[PDB]
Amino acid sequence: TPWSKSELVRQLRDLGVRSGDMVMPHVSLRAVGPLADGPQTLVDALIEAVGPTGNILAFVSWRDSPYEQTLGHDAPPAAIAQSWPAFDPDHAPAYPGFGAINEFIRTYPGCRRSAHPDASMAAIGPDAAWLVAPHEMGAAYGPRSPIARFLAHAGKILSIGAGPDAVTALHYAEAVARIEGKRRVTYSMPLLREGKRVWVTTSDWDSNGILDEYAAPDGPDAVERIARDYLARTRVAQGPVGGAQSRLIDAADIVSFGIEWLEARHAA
(Lines of atoms letter the chains of each structure in order from A and count residues from 1; the text may use other names and numbers.)
(Lines give C-alpha, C1' and ligand atoms only; values in the text may rest on other atoms or scores of the structure.)
Protein backbone atom coordinates (compact mmCIF):
# COMPACT_ATOMS: atom_id res chain seq x y z
CA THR A 1 0.00 0.00 0.00
CA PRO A 2 1.67 3.26 -1.08
CA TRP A 3 2.50 5.65 1.74
CA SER A 4 0.16 8.61 2.13
CA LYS A 5 1.26 12.13 2.95
CA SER A 6 -0.38 11.92 6.38
CA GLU A 7 1.49 8.75 7.26
CA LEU A 8 4.81 10.33 6.30
CA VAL A 9 4.06 13.50 8.28
CA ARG A 10 3.35 11.46 11.41
CA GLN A 11 6.56 9.48 10.87
CA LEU A 12 8.53 12.72 10.48
CA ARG A 13 7.03 14.04 13.71
CA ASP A 14 7.93 10.78 15.47
CA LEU A 15 11.52 11.19 14.26
CA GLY A 16 11.66 14.68 15.78
CA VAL A 17 10.88 17.11 12.96
CA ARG A 18 9.01 20.05 14.49
CA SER A 19 7.15 22.98 13.08
CA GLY A 20 9.65 25.76 12.40
CA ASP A 21 12.61 23.46 11.78
CA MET A 22 15.33 24.04 9.18
CA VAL A 23 15.79 20.66 7.44
CA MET A 24 18.24 19.45 4.76
CA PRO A 25 17.07 16.08 3.35
CA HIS A 26 19.08 13.32 1.72
CA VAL A 27 16.71 10.71 0.33
CA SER A 28 16.86 7.25 -1.21
CA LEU A 29 13.47 6.97 -2.91
CA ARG A 30 14.12 3.26 -3.47
CA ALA A 31 14.36 2.79 0.30
CA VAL A 32 11.20 4.83 0.92
CA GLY A 33 9.11 2.63 -1.37
CA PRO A 34 5.89 3.42 -3.23
CA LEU A 35 4.25 6.77 -2.50
CA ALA A 36 0.61 7.69 -3.06
CA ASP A 37 1.43 10.38 -5.65
CA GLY A 38 5.08 9.61 -6.28
CA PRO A 39 7.97 11.69 -4.94
CA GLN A 40 5.78 14.78 -4.59
CA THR A 41 4.04 13.02 -1.69
CA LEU A 42 7.27 13.11 0.31
CA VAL A 43 8.05 16.69 -0.71
CA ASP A 44 4.56 17.70 0.44
CA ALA A 45 5.03 15.79 3.70
CA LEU A 46 8.35 17.50 4.40
CA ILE A 47 6.83 20.92 3.77
CA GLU A 48 3.91 20.12 6.05
CA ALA A 49 6.18 18.78 8.79
CA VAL A 50 8.31 21.95 8.93
CA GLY A 51 5.15 24.08 8.68
CA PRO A 52 4.71 27.60 7.32
CA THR A 53 7.60 28.97 9.44
CA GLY A 54 9.99 26.11 8.63
CA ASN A 55 12.51 25.78 5.84
CA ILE A 56 13.90 23.10 3.55
CA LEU A 57 17.39 23.31 1.98
CA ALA A 58 18.51 20.75 -0.62
CA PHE A 59 21.77 20.26 -2.50
CA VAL A 60 20.37 19.93 -6.03
CA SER A 61 23.35 20.81 -8.30
CA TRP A 62 22.72 20.74 -12.06
CA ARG A 63 22.09 17.83 -14.47
CA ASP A 64 24.40 19.44 -17.03
CA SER A 65 27.21 20.81 -14.90
CA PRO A 66 30.40 20.80 -17.05
CA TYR A 67 32.53 19.77 -14.05
CA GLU A 68 34.39 16.81 -15.55
CA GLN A 69 34.68 18.59 -18.91
CA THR A 70 36.45 21.61 -17.40
CA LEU A 71 38.25 20.06 -14.41
CA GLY A 72 41.96 20.83 -14.30
CA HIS A 73 41.94 23.36 -17.14
CA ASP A 74 42.76 27.05 -16.76
CA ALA A 75 39.86 27.85 -19.13
CA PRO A 76 36.99 25.83 -20.58
CA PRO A 77 38.11 23.80 -23.60
CA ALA A 78 37.09 25.51 -26.82
CA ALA A 79 34.30 23.14 -27.88
CA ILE A 80 32.80 23.22 -24.37
CA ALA A 81 33.11 26.99 -24.21
CA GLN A 82 31.28 27.58 -27.48
CA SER A 83 28.18 25.44 -26.97
CA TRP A 84 27.54 24.72 -23.30
CA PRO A 85 24.27 26.17 -21.97
CA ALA A 86 24.63 28.89 -19.38
CA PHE A 87 23.28 27.86 -16.00
CA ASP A 88 19.77 29.28 -15.72
CA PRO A 89 18.52 28.77 -12.15
CA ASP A 90 14.87 28.98 -13.21
CA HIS A 91 15.14 26.19 -15.80
CA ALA A 92 18.22 24.03 -15.15
CA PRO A 93 17.26 20.53 -13.96
CA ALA A 94 18.72 19.07 -10.77
CA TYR A 95 21.43 16.38 -10.90
CA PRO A 96 19.79 12.91 -10.67
CA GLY A 97 22.71 11.34 -8.75
CA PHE A 98 22.11 13.33 -5.54
CA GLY A 99 18.51 12.12 -5.43
CA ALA A 100 15.54 12.11 -7.80
CA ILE A 101 13.54 14.01 -5.17
CA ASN A 102 15.62 17.12 -5.82
CA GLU A 103 13.97 17.95 -9.15
CA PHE A 104 10.60 17.94 -7.35
CA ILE A 105 11.98 20.18 -4.61
CA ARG A 106 13.51 22.69 -7.00
CA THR A 107 10.33 22.98 -9.13
CA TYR A 108 8.07 23.55 -6.11
CA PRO A 109 6.30 26.94 -6.40
CA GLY A 110 8.24 29.59 -4.50
CA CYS A 111 11.45 27.57 -4.28
CA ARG A 112 14.58 29.70 -4.47
CA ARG A 113 17.77 28.50 -6.12
CA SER A 114 21.39 29.39 -5.54
CA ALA A 115 23.65 30.78 -8.21
CA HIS A 116 26.56 28.31 -8.04
CA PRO A 117 25.93 25.99 -11.00
CA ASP A 118 27.79 22.95 -9.66
CA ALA A 119 26.99 23.37 -5.95
CA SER A 120 23.47 24.71 -6.50
CA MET A 121 21.16 24.68 -3.47
CA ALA A 122 17.36 24.94 -3.46
CA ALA A 123 15.37 26.34 -0.54
CA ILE A 124 11.68 26.50 0.38
CA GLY A 125 10.35 28.64 3.21
CA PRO A 126 10.38 32.15 4.66
CA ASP A 127 14.16 32.22 4.95
CA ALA A 128 14.81 30.81 1.46
CA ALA A 129 16.25 33.99 -0.04
CA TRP A 130 18.62 34.43 2.90
CA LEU A 131 19.71 30.80 2.60
CA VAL A 132 20.48 30.73 -1.11
CA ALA A 133 22.45 33.95 -1.67
CA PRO A 134 25.31 34.66 -1.83
CA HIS A 135 26.60 31.50 -3.45
CA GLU A 136 29.74 32.45 -5.33
CA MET A 137 32.22 30.48 -7.33
CA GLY A 138 35.04 29.53 -4.97
CA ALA A 139 32.60 29.14 -2.01
CA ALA A 140 30.83 25.87 -2.83
CA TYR A 141 30.30 24.32 0.64
CA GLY A 142 32.41 26.39 2.98
CA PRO A 143 32.25 29.83 4.58
CA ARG A 144 29.82 32.21 2.87
CA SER A 145 27.85 29.37 1.21
CA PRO A 146 24.27 28.29 1.89
CA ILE A 147 25.69 25.44 3.98
CA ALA A 148 27.40 27.99 6.22
CA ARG A 149 24.10 29.79 6.80
CA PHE A 150 22.23 26.48 7.31
CA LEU A 151 24.72 25.62 10.07
CA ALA A 152 24.01 29.01 11.73
CA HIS A 153 20.24 28.44 11.39
CA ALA A 154 19.74 25.45 13.70
CA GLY A 155 19.91 23.11 10.72
CA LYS A 156 18.94 19.45 10.95
CA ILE A 157 20.10 16.86 8.43
CA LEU A 158 17.33 14.42 7.58
CA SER A 159 18.76 11.23 6.10
CA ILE A 160 15.98 9.03 4.69
CA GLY A 161 17.58 5.76 3.69
CA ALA A 162 20.76 7.56 2.58
CA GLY A 163 24.24 6.36 3.47
CA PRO A 164 26.90 8.14 5.53
CA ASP A 165 28.54 9.39 2.32
CA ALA A 166 25.49 11.58 1.64
CA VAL A 167 26.12 14.32 4.25
CA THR A 168 26.92 17.38 2.11
CA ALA A 169 27.23 19.67 5.11
CA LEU A 170 30.44 17.86 6.13
CA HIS A 171 32.17 19.48 3.16
CA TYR A 172 32.08 22.62 5.34
CA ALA A 173 34.26 20.81 7.90
CA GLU A 174 36.71 19.95 5.13
CA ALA A 175 36.79 23.56 3.96
CA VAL A 176 37.69 24.98 7.38
CA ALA A 177 39.85 22.14 8.76
CA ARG A 178 43.31 23.34 9.80
CA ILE A 179 45.17 20.44 8.18
CA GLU A 180 48.09 20.06 5.82
CA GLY A 181 47.86 18.77 2.27
CA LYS A 182 44.33 19.88 1.41
CA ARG A 183 43.38 19.18 -2.20
CA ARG A 184 41.95 21.85 -4.46
CA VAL A 185 40.36 21.65 -7.90
CA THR A 186 39.99 24.13 -10.75
CA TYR A 187 36.90 24.11 -12.96
CA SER A 188 34.79 26.46 -15.06
CA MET A 189 31.07 27.16 -15.04
CA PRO A 190 28.94 29.17 -17.50
CA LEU A 191 26.90 31.80 -15.60
CA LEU A 192 24.27 34.30 -16.65
CA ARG A 193 25.21 37.89 -15.94
CA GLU A 194 22.80 40.55 -17.23
CA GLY A 195 21.34 38.02 -19.67
CA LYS A 196 24.68 36.96 -21.20
CA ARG A 197 26.71 33.81 -20.74
CA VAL A 198 29.97 34.43 -18.86
CA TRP A 199 32.46 31.64 -18.22
CA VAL A 200 33.93 31.78 -14.71
CA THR A 201 36.99 29.72 -13.79
CA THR A 202 37.63 29.12 -10.08
CA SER A 203 39.44 26.93 -7.64
CA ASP A 204 37.87 25.41 -4.55
CA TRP A 205 38.38 22.56 -2.12
CA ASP A 206 38.16 19.14 -3.74
CA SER A 207 34.68 17.85 -2.85
CA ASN A 208 35.75 14.35 -3.92
CA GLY A 209 38.21 13.96 -1.04
CA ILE A 210 39.98 16.66 0.93
CA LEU A 211 43.25 14.68 1.22
CA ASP A 212 44.81 12.16 -1.14
CA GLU A 213 43.90 9.29 1.20
CA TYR A 214 40.21 10.26 0.99
CA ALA A 215 40.16 10.79 -2.80
CA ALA A 216 39.84 7.23 -4.14
CA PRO A 217 37.09 7.28 -6.83
CA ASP A 218 34.95 4.71 -4.98
CA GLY A 219 35.76 5.95 -1.47
CA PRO A 220 35.39 5.96 1.32
CA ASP A 221 35.84 9.72 1.37
CA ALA A 222 36.26 11.81 4.52
CA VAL A 223 32.54 12.67 4.70
CA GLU A 224 31.68 8.97 4.87
CA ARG A 225 34.40 8.18 7.41
CA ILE A 226 33.43 11.08 9.67
CA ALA A 227 29.71 10.38 9.47
CA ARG A 228 30.11 6.66 10.21
CA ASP A 229 32.23 7.46 13.28
CA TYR A 230 29.78 10.14 14.43
CA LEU A 231 26.78 7.83 14.10
CA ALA A 232 28.59 5.12 16.07
CA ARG A 233 29.29 7.64 18.86
CA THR A 234 26.18 9.83 19.19
CA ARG A 235 22.53 9.59 20.18
CA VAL A 236 20.56 10.41 17.04
CA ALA A 237 16.83 9.89 16.55
CA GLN A 238 16.24 6.92 14.24
CA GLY A 239 13.02 5.59 12.78
CA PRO A 240 11.12 4.92 9.57
CA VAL A 241 10.06 7.35 6.90
CA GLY A 242 8.07 5.32 4.44
CA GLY A 243 10.02 2.06 4.27
CA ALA A 244 13.39 3.79 4.82
CA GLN A 245 15.52 3.75 7.95
CA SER A 246 15.97 7.42 8.72
CA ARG A 247 17.96 9.67 11.05
CA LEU A 248 17.65 13.30 12.14
CA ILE A 249 21.08 14.83 12.79
CA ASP A 250 22.03 18.14 14.38
CA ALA A 251 24.07 19.74 11.61
CA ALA A 252 26.22 22.05 13.73
CA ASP A 253 27.13 19.12 15.97
CA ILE A 254 28.19 16.75 13.18
CA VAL A 255 30.20 19.51 11.47
CA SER A 256 31.96 20.45 14.73
CA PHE A 257 32.72 16.74 15.22
CA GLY A 258 34.09 16.54 11.69
CA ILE A 259 36.42 19.52 12.13
CA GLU A 260 37.78 17.94 15.29
CA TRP A 261 38.03 14.53 13.59
CA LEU A 262 40.14 15.88 10.73
CA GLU A 263 42.33 18.06 12.96
CA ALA A 264 43.02 15.17 15.34
CA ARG A 265 44.23 13.00 12.46
CA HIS A 266 46.15 15.40 10.25
CA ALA A 267 49.04 17.71 11.10
CA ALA A 268 48.44 21.45 10.74
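Throughout, we count residues from 1 along the sequence that is shown.
Participant: So which stretch wins on mean C-alpha B-factor, 83-91 or 149-157?
Facilitator: It is 83-91.
Participant: Where do the C-alpha atoms have the higher mean temperature factor in this entry, in 211-219 or in 227-235?
Facilitator: Between 227-235 and 211-219, it is 211-219 that shows the higher mean C-alpha B-factor.
Participant: So among 56, 60, 29, 45, who wins on Cα B-factor in the entry?
Facilitator: Highest CA B-factor of the listed options: 29.
Participant: Whose C-alpha has the highest temperature factor in the PDB entry: 117, 143, 96, 125?
Facilitator: Out of 117, 143, 96, 125, the record gives the largest C-alpha B-factor to 96.
Participant: Within this chain, which third does the Cα B-factor at residue 106 fall in: lowest, middle or highest?
Facilitator: Middle third of the chain for residue 106's C-alpha B-factor.
Participant: Among the chain's modelled residues, which third holds the C-alpha B-factor of residue 206?
Facilitator: According to the entry, residue 206 has a C-alpha B-factor in the chain's lowest third.
Participant: What third of the chain, by the recorded C-alpha B-factor, contains residue 193?
Facilitator: Highest third of the chain for residue 193's C-alpha B-factor.
Participant: Mind checking which third residue 171 falls in for C-alpha B-factor across the chain?
Facilitator: Residue 171: CA B-factor falls in the lowest third of its chain.
Participant: Thinking about Cα B factors across the chain, which third does residue 139 belong to?
Facilitator: Middle third by C-alpha B-factor.
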